[PDB]
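Down below is the structure, laid out as structure tokens.
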Amino acid sequence: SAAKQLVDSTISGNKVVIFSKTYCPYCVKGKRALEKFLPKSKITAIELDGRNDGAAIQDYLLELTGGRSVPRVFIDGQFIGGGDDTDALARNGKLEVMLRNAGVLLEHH
Ligand SMILES: N[C@@H](CCC(=O)N[C@@H](CS)C(=O)NCC(=O)O)C(=O)O
């Protein structure tokens with residue numbers, strides 16, 4: 001399907017992806033967590049309240065990840081969870097490890 005192809009191609013073609021809705025505070029929280037390490041222009045935020053086929057994309061996200069809710073965050077193709085999860089991973093060091101492994105974050109000393 002178009003929705004499946006969109007999601008698969010997006011997460012395999014972009015290192016940091018957040019499927020989002022503009023109005024959702026969990027999406028905002030996930031974005032702010034990622035922005036501690038990366039600029040906005042390196043975060044691929046797909047707004048499913050803007051896309052006409054947003055519901056179809058959420059349906060595929062249920063198939064791929066186990067849930068439909070936004071956000072759904074992917075690092076180098078790996079689903080890492082929603083907004084609370086992404087914020088927790090930012091705080092606990094694991095997000096940085098994933099971003100460095102993905103080649104989009106340098107060590108800074
Ligand atoms: N605890 C979840 C909450 C996510 C959530 O429930 N988001 C709402 C929007 S505030 C949602 O997806 N609603 C259903 C929908 O938009 O389909 C997280 O951390 O991401």
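We count residues from 1, following the sequence as given. Values below: all heavy atoms of this structure, side chains included; hydrogens, waters and symmetry mates excluded. We count ligands from 1, going down the list as the structure has it; atoms in each ligand are counted the same way.
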Exercise answer, ligand 1 polar atom pairs (N/O) under 3.5 angstrom:
from: ligand 1; atom 1: 7 (N); to: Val70; atom 2: O; distance (Å): 3.0
from: ligand 1; atom 1: 12 (O); to: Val70; atom 2: N; distance (Å): 2.9
from: ligand 1; atom 1: 16 (O); to: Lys21; atom 2: NZ; distance (Å): 2.8
from: ligand 1; atom 1: 17 (O); to: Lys21; atom 2: NZ; distance (Å): 3.4
from: ligand 1; atom 1: 17 (O); to: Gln58; atom 2: NE2; distance (Å): 2.8
from: ligand 1; atom 1: 19 (O); to: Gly83; atom 2: N; distance (Å): 3.3
from: ligand 1; atom 1: 19 (O); to: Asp84; atom 2: N; distance (Å): 2.9
from: ligand 1; atom 1: 20 (O); to: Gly83; atom 2: N; distance (Å): 2.9

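- Listed by first and then second residue, the salt bridge (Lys or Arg N to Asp or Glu O under 4.0 Å) pairs that reach into residues 37-50 are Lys31-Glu47, sequence neighbours excluded.
- Considering CD1 of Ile43 and CD1 of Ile18, their distance stands at 8.0 Å, rounded to 0.5 Å.
- Here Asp87 does not pair with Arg91 in a salt bridge; the nearest charged N to carboxylate O distance is not below 4.0 Å.
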Could you tabulate the donor-acceptor pairs under 3.5 Å formed by side-chain atoms of residues 73-84, not counting sequence neighbours?
from: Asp76; atom 1: OD1; to: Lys15; atom 2: NZ; distance (Å): 3.3
from: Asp76; atom 1: OD2; to: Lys15; atom 2: NZ; distance (Å): 3.3
from: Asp84; atom 1: OD1; to: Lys29; atom 2: NZ; distance (Å): 2.7

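- Between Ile11 and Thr44 the shortest side-chain heavy-atom distance does not fall below 4.5 Å.
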Name the atoms and distances for all side-chain donor-acceptor pairs under 3.5 Å in residues 102-109, with sequence neighbours left out.
from: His108; atom 1: ND1; to: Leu106; atom 2: O; distance (Å): 3.4

